[PDB]
């Protein structure tokens, strides 16, 4: 009964925010590492494990409710569906999103940012190919 509800939206938003929180806190922990704050770094890493649990619990409800992947709007019920979601998102990123970001970065006078986005387009293409090979393995039984 979750499809089309505000609660469906809120689970998706929760997933986005918890995902960012884990990345942010681990990035902050690396700064603590460099500067010599190991107890702060360790606390950041442990809090980040909390954010993993929160993100994964949001995804559990999203699937239990027949809602789609926050990133791709594809189903993620089965493992094969999960890999198809990965392929769809990767294809978008390597063919469309990162090339477009690189072009705009060049247009706006940020060539180093553009080369980073071009690196990421190539990297996401490789990810897409790896996930396509996974799907072939799963569909072959």
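Positions refer to the first chain, counted from 1.
- Comparing 70-78 with 108-116, the stretch with the higher mean C-alpha B-factor in the PDB entry is 108-116.
- As listed in the deposited structure, the average C-alpha B-factor of 97-105 and of 82-90 is greater for 97-105.
- Per the PDB record, 65 has a higher Cα B-factor than any other of 50, 57, 65, 38.
- Per the PDB record, residue ranking by Cα B-factor puts residue 129 in the middle third of the chain.
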